Amino acid sequence: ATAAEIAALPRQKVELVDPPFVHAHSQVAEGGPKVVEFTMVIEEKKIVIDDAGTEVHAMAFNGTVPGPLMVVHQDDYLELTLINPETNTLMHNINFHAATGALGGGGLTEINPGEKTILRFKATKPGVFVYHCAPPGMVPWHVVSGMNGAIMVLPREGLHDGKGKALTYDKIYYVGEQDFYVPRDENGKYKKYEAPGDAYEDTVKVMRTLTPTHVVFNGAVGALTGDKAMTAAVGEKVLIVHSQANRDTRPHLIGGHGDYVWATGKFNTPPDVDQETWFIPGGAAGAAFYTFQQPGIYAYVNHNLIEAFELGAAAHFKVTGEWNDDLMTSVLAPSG
Amino acid sequence: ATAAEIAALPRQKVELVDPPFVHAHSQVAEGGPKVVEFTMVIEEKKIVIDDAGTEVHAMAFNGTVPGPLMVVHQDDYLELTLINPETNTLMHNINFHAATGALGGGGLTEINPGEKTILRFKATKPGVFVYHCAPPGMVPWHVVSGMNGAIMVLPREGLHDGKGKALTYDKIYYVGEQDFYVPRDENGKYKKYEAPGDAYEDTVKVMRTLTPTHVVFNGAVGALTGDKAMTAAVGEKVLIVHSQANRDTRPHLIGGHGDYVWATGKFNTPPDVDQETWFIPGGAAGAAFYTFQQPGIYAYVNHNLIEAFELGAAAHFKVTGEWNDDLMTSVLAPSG
Amino acid sequence: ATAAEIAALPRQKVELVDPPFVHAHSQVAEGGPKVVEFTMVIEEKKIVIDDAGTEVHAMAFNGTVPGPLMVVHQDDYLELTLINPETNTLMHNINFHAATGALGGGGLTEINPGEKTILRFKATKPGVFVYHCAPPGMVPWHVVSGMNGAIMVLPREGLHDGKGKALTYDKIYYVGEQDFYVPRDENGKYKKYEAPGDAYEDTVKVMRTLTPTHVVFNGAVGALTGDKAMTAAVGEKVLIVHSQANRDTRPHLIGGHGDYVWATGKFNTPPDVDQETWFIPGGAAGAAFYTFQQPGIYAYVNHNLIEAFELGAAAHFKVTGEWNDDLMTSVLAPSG
Ligand SMILES: O=N[O-]
Ligand SMILES: O=N[O-]
Ligand SMILES: O=N[O-]
Ligand SMILES: [Cu+2]
Ligand SMILES: [Cu+2]
Ligand SMILES: [Cu+2]
Ligand SMILES: [Cu+2]
Ligand SMILES: [Cu+2]
Ligand SMILES: [Cu+2]
Ligand SMILES: [Cu+2]
Ligand SMILES: [Cu+2]
Ligand SMILES: [Cu+2]
């Protein structure tokens, strides 16, 4: 496509929504190729990641951890206006694993506080992909400070299983998993810092142990529980998009399954089926499609149970509906 | 199926056998759907896991670590009678990754010492699946104390390769891999405790490092080596079911391969072929099919060689038969 | 084939080249089955792995880390002459994951300093496979000292996608990833030893932590950058073979993708497509096929960014050619 043909394409401005929600979109593409426009302001901010009050000097796209999920269709163009407010102190940029060239866009988006840039790339490959900041000299630090998210490039024809049959979800949720490495003092207590820079040296030491102090969904322990628990109903089809820009994870829906799982996150790669626990490597996004068959509370976790229950990697799904005794029933309740 | 149709289904009691062995079963289903009945008594007991007398207060389904392998066919019902003797001191339950609803059955099987419960679930998805105890608030602890196992839900038509060609094994083994986190004193000696709960705090501290002190098969270092090595003969087709309820593993048959490997452990997902080393994520089970071609001793290991030879993740296969010089031969034996 | 039939097969002597380059070969088999001959001399030498002068007493096949990549075709016979110089002090052998029998050849190739041996095996399974030393009693040690490599067993008819379409690469590179566990003194400084055996004890304690001090490509930090960066040009098809003999890895081409990826490294297992980041379990090799579309410098890393940018797992690709504004363009360059 020439610059003229591209400039002639229709454009649609999209308003991003905070994770785990996803902005309105059409599973099946509307018309031909479009230039989808997104805008994100980078915010360096202090966030609390657990009930104890542990602090992290986050570097958040659109002000959230993970950054929001941008959705486009294959062969559409994603035009991102990225802003780094003069209130920030570090240089930032963005790298789309979905894009091709200049380190995923990182080599063309280096912006200092008080600057902005607009990047456009053709979404040539369908699937879910990770995106993260990557400043030459402190890549891992920025990413484990929460500066990452994901995008979804849907086939123009929507989703299908490995045999041509359509897969249409009723709901979609984006679970961004984050590994945090918070310094501790001699008492084993998490340390606090005045500015993000102050924590760098101590943090790097923790990072080198390759042992995160916290592994959380949506920026904090329990962030997707209670009133923030995700929801569904028996019969409802749900697509759960999951990303981890730095460390491996192994998603598992307790009480359920991944009926169709694109574990590698790429739609032209047939999804695995009837999965109990799938695997997403650090630096990637994956997606699972499931039709709920039983009501009740479900937990969605990274299945290294220590990471799930001791480190923070557990979310909840509240599901309404009629219980199915054929699928499961208590013949004899706990009794003497 | 109607209420009457389900109640009319044949009920069959099956006696379990200890791992790595598997109870008698047929690969191709014999007759229509059945309600297969199993009973397991829970045992809390101290076990030694290495040659240094290191102890673990194990929580074992049916008295073994891993728990035994239950085998049923797709659409059969698995009805488990779970017993927690008055001699035990902890609460227990069971979570079947193969089941649908109530956290895999955990929310319906919480039993205190002196109680029993009967759970029935329809095995709707074919594959090998992990099962483990999962008491709200103490999941990882009981799981890494050995309270986990697996089940195999065979297709009613038996196993087949990605092309539809049947795969019939002559024998089957179940290797359950366990990550243990044993506390050590300031001198580096593993500590001993009077009761399970006494070790809780120290153990959780070790668990948080995400670094197991031991990684073993069948509950102890060397449990499947020497005189307890598994066996086979040249020409024999063997299915090796492998599980890890909490941590990733990478099985490898030294000297052999995984001719067909359902790495995700699910039969409707085509198996990978000619595998050197496969990957099973924590929270799942997988299965490898291999036809032995050469006689001799083979080592079956988790291929992070430190976990295999330093931590204990190594088993052996003793194979009888005639050597094949076409496949391999020493043209010049070691010499000056 | 009988002994006589094999002895009648044509032989071909191959000259090995140092990684990341691969010795001359043909993608499509040039003629019928033959006995491909290779010779490697084991070199026990000191190598500096980082810019801090950190040393490792390496055990290297053919004098390099990783060992060179041997290329044959399915059903050819690989005849390796392994030599252990009198100048060496340790016992060595070789285990081919691609071979069938005697622990992959390790039980037939044990050679003391001043000895040699000739092993011949039939490459019956197509794909990339790991090969490494495995001295009963100290396995993990030699392997994590750099004594491992890989070989490639191409289909007779060359490479194909999942649908049978031919995949012909213009260039091929072999990246051997290595996890090192270097002991430190009480000041956190890496220690040096005058003899290999001298570091054994100290090394074993670091290995127990399952936390490498270094994770590198081709034996050292920055080894595959600058004067050793891999090259290509827009439109060129490149196959990137990657192996890890002891620990998991998740390769990612920054700015690009893995158009076709045999993640398990086995050719009869259909490759995944449009990959952002793939996964290779410790004890295996994988291969990715990509056609560069953009010029510029690309980074190739193990996508646990701490491992890549802090521990050393990073390589570079220098690509010449013209920039493609359709795929990516900076609508608005960084500005006020
Ligand atoms: O099934 N996860 O506890
Ligand atoms: O070749 N097995 O370590
Ligand atoms: O997108 N590679 O860091
Ligand atoms: Cu940034
Ligand atoms: Cu950054
Ligand atoms: Cu990245
Ligand atoms: Cu229990
Ligand atoms: Cu329990
Ligand atoms: Cu579970
Ligand atoms: Cu050696
Ligand atoms: Cu060795
Ligand atoms: Cu090996």
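Counting neighbours? That spans all protein chains shown, and the Cβs are built from the backbone with ideal geometry, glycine included. What is reported rests on the model, the rules as stated and the sources as named; nothing here is a laboratory result.
Worth pointing out:
- Taking residues in segment A:288-305 that are more than 7 Å from chain B (Cβ to nearest Cβ), and partners anywhere that are crowded, with 21+ Cβ neighbours inside 10 Å and among the hydroxyl-bearing types (S, T, Y), the pairs with Cβ atoms closer than 6 Å and at least 6 places apart or on different chains are A:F289/A:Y260; A:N302/A:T249.
- Residue, nearest to ligand 7 (Cβ to nearest atom), within segment A:45-59, restricted to residues that are in contact (Cβ under 8 Å) with a residue 60 or more places away in the chain and exposed (fewer than 13 other Cβ atoms within 10 Å of the Cβ): A:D51
- So C:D274, is it over 20 Å from the mean Cα position of the chain (by Cα) and under 22 Å from B:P271 (Cα atoms): yes
- Residue within segment C:160-172 that is touching a residue at least 40 places away in the same chain (Cβ under 8 Å) and under 30 Å from C:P212 (Cα atoms) present: yes
- Considering segment A:80-114, the residues that are within 12 Å of ligand 6 (Cβ to nearest atom) and either of a type in the set (A, V, I, L, M, F, W, C) or outside the structural domain of A:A150 (by CATH) (or both) include one that is surrounded by the most Cβ atoms within 10 Å (Cβ to Cβ), namely A:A99.
- Residue in segment B:127-141 that is farthest from ligand 7 (Cβ to nearest atom), counting only those that are more than 16 Å from the chain's Cα centre (by Cα) and in contact (Cβ under 8 Å) with a residue 60 or more places away in the chain: B:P140
- Residue satisfying condition, being more than 7 Å from every other protein chain (Cβ to nearest Cβ), under 19 Å from B:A150 (Cβ atoms) and buried (at least 24 other Cβ atoms within 10 Å of the Cβ), within set B:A313, B:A308, B:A284: B:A313
- Positions within segment A:224-254 being surrounded by 20 or more Cβ atoms within 10 Å (Cβ to Cβ) and assigned to a loop (DSSP other than H, G, I, E, B), in sequence order: A:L224, A:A245, A:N246, A:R247, A:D248, A:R250
- Qualifying residue in segment A:169-185 (condition: away from ligand 4 (no atom under 16 Å from the Cβ) and more than 27 Å from A:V301 (Cβ to Cβ)): yes
- Segment C:261-272, residues that are of a type in the set (S, T, Y) and buried (at least 24 other Cβ atoms within 10 Å of the Cβ): C:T264
- Among the residues listed as C:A315, C:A245, the single one being closer than 25 Å to A:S243 by Cα and among the small types (G, A, S): C:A315
- Note on segment C:173-190: residues that are in contact (Cβ under 8 Å) with a residue 60 or more places away in the chain and touching a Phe, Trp or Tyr at 6+ places or on another chain (Cβ under 9 Å) total 7.
- Scanning segment A:121-162 for residues that are over 30 Å from A:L9 (Cα atoms), in contact with a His (Cβ under 8 Å, 6 or more places away or on another chain) and among the β-branched types (V, I, T) yields one hit, A:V143.
- Residue, surrounded by the most Cβ atoms within 10 Å (Cβ to Cβ), within segment C:316-336, restricted to residues that are in contact (Cβ under 8 Å) with a residue 60 or more places away in the chain and not hydrophobic (A, V, I, L, M, F, W, C): C:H316
- Sole exception among (1) in contact with a strand residue (DSSP E or B) (Cβ under 9 Å, 6 or more places away or on another chain); (2) under 30 Å from B:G321 (Cα atoms); (3) charged (D, E, K, R) for B:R247, by number: (2)
- Criterion (under 16 Å from the mean Cα position of the chain (by Cα) and either more than 14 Å from chain B (Cβ to nearest Cβ) or not aliphatic (A, V, I, L, M) (or both)) met by exactly one of C:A98, C:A58: C:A58
- Every residue from segment C:191-206 that is surrounded by 21 or more Cβ atoms within 10 Å (Cβ to Cβ) and of a type in the set (A, V, I, L, M, F, W, C): C:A199
- Residue among A:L167, A:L78, A:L154 that is more than 25 Å from A:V216 (Cα to Cα) and within 11 Å of chain C (Cβ to nearest Cβ): A:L78
- Any hit, segment B:83-93, residues being over 25 Å from A:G235 (Cα atoms) and facing chain A (nearest Cβ under 7 Å): no
- Filter result (among the hydroxyl-bearing types (S, T, Y) and in a loop (DSSP other than H, G, I, E, B)) within segment A:137-175: A:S145, A:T168, A:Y169
- Checking C:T117, C:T39 one by one, the residue that is in a strand (DSSP E or B), surrounded by fewer than 20 Cβ atoms within 10 Å (Cβ to Cβ) and within 14 Å of chain B (Cβ to nearest Cβ) is C:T39 and no other.
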